[PDB]
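This document starts with one chain, in the form deposited in one PDB entry, laid out as structure tokens.
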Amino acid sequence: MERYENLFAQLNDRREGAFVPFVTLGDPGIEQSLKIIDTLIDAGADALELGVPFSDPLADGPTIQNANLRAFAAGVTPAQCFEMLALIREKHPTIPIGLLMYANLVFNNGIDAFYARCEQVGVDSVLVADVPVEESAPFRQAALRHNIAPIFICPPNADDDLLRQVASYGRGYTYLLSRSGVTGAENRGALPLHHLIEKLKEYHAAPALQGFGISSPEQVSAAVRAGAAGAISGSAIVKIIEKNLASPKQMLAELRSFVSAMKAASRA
């Protein structure tokens, strides 16, 4: 499918950036997680980034570590995540869905079979956090064979060789990392680096989404003004879940408010 290509074309026509929330699938349980995701979409999310719970998420800080733990406490497995994904797609036919994966979960029972499952349920992209471009060949090959976009990362200090590889190997969108470190709302990334944004465009890379530490509308506006196609926010969204565990209605109201504000900022 062409879900990211179609989204970015539509956003361009409207002179708009993307707002893409991240949540952990099954946090704090399967049913509540499905309601959370429907709320994100209803409130204006342009695409989704969805985590499959993993035992040792080494690119995530405490907030998302804790999301993974809550999902595990609810007994969430990758198989249940794929069941959820099928239900999400069945409701929402056009929204791009990207998975945040750790390598072992993809490699586990065969890389090809993983990507084949993704295609079956209608996932659009997979980002494998601990697989750099240098180790990516079997992952990106399997992704493309199953019509899945493999997502690669452009770090702040990316050299020219890396820029060219990311532009060539990736599809769907390019991940523009705000900063070093791990996920976390408290650690605010720098302004989007115009030089990287411009080089990725020169090399015809998939459109850039800025992520890590994006927790406020101002940062979303700044990303789009710098020329990024949009922004991803995870920890800020997950904190709303964590805060409101005993108050599910309040959880959804606060998620709706936040997502709506972040999306409004993408029009800047």
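Throughout, we count residues from 1 along the sequence that is shown. Shifts are known only where both forms have a C-alpha. We call the rigid core whatever largest set of C-alpha positions still superposes within 1.5 Å between the two forms.
In what follows, reference is made to the form deposited in another entry, a form of this protein that is not presented.
J.: Which one moved? Candidates are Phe82, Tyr169, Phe107, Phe72, criterion is a Cα shift of 2 Å or more between this form and the one not shown after superposing on the core.
T.: So the residue whose C-alpha moves 2 Å or more is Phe107.
J.: Following rigid core alignment, is the displacement of the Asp46 C-alpha between this form and the one not shown equal to or greater than 2 angstroms?
T.: No; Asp46 is a residue whose C-alpha shifts by less than 2 Å between this form and the one not shown when the cores are overlaid.
J.: Quick check: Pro28 between this form and the one not shown - does its CA shift reach 2 Å or more after fitting the rigid core?
T.: No, shifts by less than 2 Å.
J.: Can we say the CA of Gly230 moves by at least 2 Å between this form and the one not shown when the core is superposed?
T.: Shift at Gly230: below 2 Å after core fit.
J.: Can you tell whether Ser55 sits closer to or farther from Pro156 in the other entry than it does here, judged by CA atoms, where the change is 3 Å or more?
T.: Pair moves closer in the other entry.
J.: For a quick check of understanding: after superposing on the core, name the runs of at least three residues, shared by both forms, whose CA atoms each shift 2 angstroms or more between this form and the one not shown.
T.: 55-60, 106-108, 189-192 are the stretches that shift between this form and the one not shown.
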